Ligand SMILES: CSc1ccccc1OC(=O)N1CCC[C@H](C(N)=O)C1
Ligand SMILES: [Zn+2]
């Protein structure tokens, strides 16, 4: 679980969005596993606008943060799950690091701010949904 709170927006994994997120929907993209909903309170986070390929992510299944080197956002095949059929997920960045399904929503940050959230993983890999291209999050 986990979200990014920026301005009057909440960014969550689309597969974990709640009834309230869908009732206050701003934008969603199943191909990216992202959903953004509106909030009444001003958010705590800031978004990186950079090309960093290293950073630190939070891993809830270890209660720890880990440093990672990750690939640039790209189209990657993701096997079927209870949430989606087998498909290509876009704007996904892979890295070597521990993750389990419940880790989705953990933030990845570089020295410039929030880069993205955990969205996929497996066998010593962890994948992050990039948010750096969503310029409208802090217009
Ligand atoms: C950190 S997720 C994870 C980690 C290890 C093993 C499996 C994991 O589950 C995934 O890769 N899934 C399940 C939830 C939806 C994901 C998606 N974005 O399509 C794909
Ligand atoms: Zn950066």
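Numbers and lists here come from the model and the stated rules, or from a named source; nothing here is a laboratory result. Using ideal geometry, Cβ is built from the backbone for each residue, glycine included, and neighbour counts are taken over all protein chains shown.
Checking the structure you have, find out if any residue of region 83-102 is surrounded by 21 or more Cβ atoms within 10 Å (Cβ to Cβ), closer than 15 Å to residue 1 by Cβ and within 14 Å of ligand 1 (Cβ to nearest atom). Yes; the residues of region 83-102 include at least one that is surrounded by 21 or more Cβ atoms within 10 Å (Cβ to Cβ), closer than 15 Å to residue 1 by Cβ and within 14 Å of ligand 1 (Cβ to nearest atom).
When region 44-93 is limited to residues that are part of a loop (DSSP other than H, G, I, E, B) and in contact with a helix residue (DSSP H, G or I) (Cβ under 6 Å, 6 or more places away or on another chain), the one that is nearest to residue 13 (Cα to Cα) turns out to be 83. When each of 56, 26 is tested for being assigned by CATH to the domain that holds residue 138 and surrounded by 14 or more Cβ atoms within 10 Å (Cβ to Cβ), the lone residue that passes is 56. For residue 54, the test of being within 15 Å of ligand 2 (Cβ to nearest atom), touching a strand residue (DSSP E or B) at 6+ places or on another chain (Cβ under 8 Å), in contact (Cβ under 8 Å) with a residue 40 or more places away in the chain and closer than 18 Å to residue 4 by Cα is failed. For region 117-138, the set of residues classified as in contact (Cβ under 8 Å) with a residue 24 or more places away in the chain and more than 11 Å from ligand 1 (Cβ to nearest atom) consists of 130, 131, 132, 133, 134, 135, 137, 138, listed by residue number. What tally of residues in region 94-139 results from selecting those that are under 17 Å from residue 34 (Cα atoms), away from ligand 2 (no atom under 16 Å from the Cβ) and either not assigned by CATH to the domain that holds residue 53 or not in a strand (DSSP E or B) (or both)? Qualifying residue count, region 94-139: 7. Annotation for region 68-75: at least one member residue is exposed (fewer than 14 other Cβ atoms within 10 Å of the Cβ) and either away from ligand 1 (no atom under 16 Å from the Cβ) or within 15 Å of residue 117 (Cβ to Cβ) (or both).
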